[PDB]
Amino acid sequence: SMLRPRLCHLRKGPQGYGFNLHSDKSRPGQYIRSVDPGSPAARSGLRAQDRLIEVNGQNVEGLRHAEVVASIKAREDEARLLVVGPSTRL
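Under the authors' numbering, the residue at position 6 of the sequence shown is numbered 150, and the numbers go up by one with no gaps.
This is the structure in structure tokens:
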């Protein structure tokens, strides 16, 4: 239904997943800065400007960048990323 976070199931490829994970200088959280065309990331439903909520079922909102990276890299084959699209308080 509307405005639900989306589970993106990425199947790792030979060059990884094909996205860039970024911290923001103004908002807490980790975000998808870009998604390589035709990558495992793209096929999973991930999009630039998505915000990461969970990795493999575990909430990552309290973690430092390096720890979130480690969590994504934990399984050889895959990563399950729960994400939401951009939002702004007005």
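Beta carbons are placed, not taken as given, at the ideal position from N, Cα and C, and that holds for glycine.
Quick one: grab the DSSP three-state call for residue i.
{"i": "residue 191", "result": "coil"}
{"i": "residue 222", "result": "strand"}
{"i": "residue 228", "result": "strand"}
With C-beta atoms as the reference, is residue i less than 7 Å away from residue j?
{"i": "residue 192", "j": "residue 176", "result": "yes"}
{"i": "residue 178", "j": "residue 209", "result": "no"}
{"i": "residue 184", "j": "residue 157", "result": "yes"}
{"i": "residue 198", "j": "residue 165", "result": "no"}
{"i": "residue 228", "j": "residue 149", "result": "yes"}
{"i": "residue 151", "j": "residue 174", "result": "no"}
{"i": "residue 203", "j": "residue 224", "result": "no"}
{"i": "residue 155", "j": "residue 222", "result": "yes"}
Taking the beta strand (DSSP E) that residue i falls in, what are its first and last residues?
{"i": "residue 179", "result": "174–179"}
{"i": "residue 164", "result": "163–167"}
{"i": "residue 234", "result": "Careful: residue 234 lies outside any beta strand (DSSP E) and carries neither H nor E."}
{"i": "residue 150", "result": "150–155"}
May I ask which residues mark the beginning and end of the alpha helix (DSSP H) holding residue i?
{"i": "residue 215", "result": "209–216"}
Answer with buried or exposed for residue i, where buried requires no fewer than 16 other C-beta atoms within 10 angstroms of its C-beta.
{"i": "residue 159", "result": "exposed"}
{"i": "residue 206", "result": "exposed"}
Check: Using 8 Å as the threshold, is the stretch 183–191 in touch with the stretch 206–216, meaning 3 or more CB pairs across them?
Finding: no
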